[PDB]
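Here's the structure we're looking at; comments come further down.
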Amino acid sequence: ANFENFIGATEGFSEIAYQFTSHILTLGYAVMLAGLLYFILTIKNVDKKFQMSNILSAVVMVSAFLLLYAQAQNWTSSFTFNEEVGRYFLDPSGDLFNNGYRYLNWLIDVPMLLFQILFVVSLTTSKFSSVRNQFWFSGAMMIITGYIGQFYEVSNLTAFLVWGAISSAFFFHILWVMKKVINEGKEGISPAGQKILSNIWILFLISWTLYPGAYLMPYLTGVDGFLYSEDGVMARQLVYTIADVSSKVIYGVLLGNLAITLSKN
Ligand SMILES: *C/C=C(C)/C=C/C=C(C)/C=C/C1=C(C)CCCC1(C)C
C-alpha cells in the first residue's frame, strides 16, 4: 500500500515518531475548528457583496475538520505497541493507515479555495466563467492523477513519479491562471489592497507547493536516504499540516482582510 504502512510493517515506529505524528495531526483538525468559528463570527464585518468568501472559507473548515479528524483517528488506531521490540507496528487487526481521507479533503477543498478569490477581486479582460471552469477542471485533474500515482508509492517508484509529474502539469496551469487573476484584481484597487493581494500570491505559491513536497518527501534523500524512514513520515505529515493551516486558514483570513480593505471608499 503506502509508505506509512510499509514502515509500520518493517521497522515499526519509535514512540517519538508515533506520538509526534498523532499530536501534529490533532493540532491540524483543532485549528480547523477554531477557524470555523472565526469565519462564522466575522461574517458580519464584511459587506454583503464579499460574504460569499467567508461562506466558502467556513465550508472548507467543515470539510477539513471532519476529514483531518478521521485521518488523525486512523493514524492512532492503525499501530499498536510491541513491548518486546519497544516500537509501534502495523496492526493486522486494525484498518491500516489510509491516505484516502486527505485525498478526499483535497478533492473538496481545492475547487472552493480557488473559487472564493473570484468573490473578492474583480477581473478585467478575463471572463468569470472561463477562470472558474479552468480552475475546477485542472484542480480536479491534479487530485485525480495524484491519487493514482499514490498507489505506486512503494510498489512502482517510476509510475509514482510519472503520475506525479502529470499532476504537476495541472498544478502549473492553476498557478498560471491564479497569477492572471491576481494581476487583473490589482488593477484599479487601492495600494493597500494591492499589497494584500501580493501577499496572497506569495502565500498561495508557497503553501500549495508544500503539497508535492510532502508527496515526494521519503524519496528526497534517495532510494535509501535519511528520509526513507520514520523521519520521512514525521516530516511528510508535518509539512502537510503546515500547508493545510496556510492554504485554508491563513489564506481565508487574508481574503477577509482584503474584503475589509476594499470597503474603504
Ligand atoms: C487544503 C488542501 C489543498 C490546498 C490541497 C492542495 C493539493 C495540491 C496542490 C496537490 C498537488 C500535487 C502535485 C502538484 C503533484 C504531486 C501530487 C499532489 C496531488 C500532492
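Note that PDB author numbering gives residue 43 to position 36 of the sequence shown, counting from 1, and the numbers run on in steps of one. Note that beta-carbon positions come from the ideal geometry of N, C-alpha and C, so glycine has one too.
Opposing strand residues paired with residue i [DSSP bridges]
i: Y95; result: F20 and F88
Helix, strand or coil at residue i according to DSSP, with G and I counted as helix
i: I150; result: helix
i: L269; result: helix
i: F233; result: coil
i: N9; result: coil
i: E194; result: coil
i: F104; result: coil
i: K186; result: helix
i: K55; result: helix
i: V127; result: coil
i: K134; result: coil
i: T28; result: helix
i: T49; result: coil
i: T33; result: helix
i: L227; result: coil
Unbroken alpha helix (DSSP H) run spanning residue i, endpoints
i: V161; result: Unbroken run through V161: none, as it is neither H nor E.
i: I207; result: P198 to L223
i: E237; result: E237 to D251
i: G107; result: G107 to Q123
i: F72; result: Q58 to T83
For residue j and residue i, the rounded distance between their alpha carbons
i: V169; j: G156; result: 7 Å
i: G220; j: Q58; result: 33 Å
i: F179; j: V188; result: 14 Å
i: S137; j: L130; result: 11 Å
i: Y95; j: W208; result: 41 Å
i: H30; j: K271; result: 42 Å
i: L43; j: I50; result: 11 Å
i: residue 277; j: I23; result: With the chain covering only 8 through 272, there is no way to say anything about residue 277.
i: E194; j: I203; result: 13 Å
i: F135; j: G153; result: 27 Å
i: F233; j: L48; result: 45 Å
i: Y218; j: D54; result: 33 Å
i: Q244; j: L32; result: 7 Å
i: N105; j: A16; result: 14 Å
i: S100; j: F88; result: 13 Å
i: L103; j: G239; result: 18 Å
i: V161; j: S197; result: 51 Å
i: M185; j: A71; result: 22 Å
i: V260; j: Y36; result: 17 Å
i: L262; j: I115; result: 19 Å
i: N206; j: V230; result: 37 Å
i: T216; j: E91; result: 41 Å
i: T228; j: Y247; result: 18 Å
i: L40; j: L265; result: 23 Å
i: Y76; j: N112; result: 11 Å
i: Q141; j: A147; result: 10 Å
Considering only heavy atoms of ligand 1, list every residue whose Cβ is less than 6 Å from one of them, following chain order.
-> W113, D116, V117, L120, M149, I150, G153, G171, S174, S175, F178, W215, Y218, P219, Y222, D251, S254 and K255
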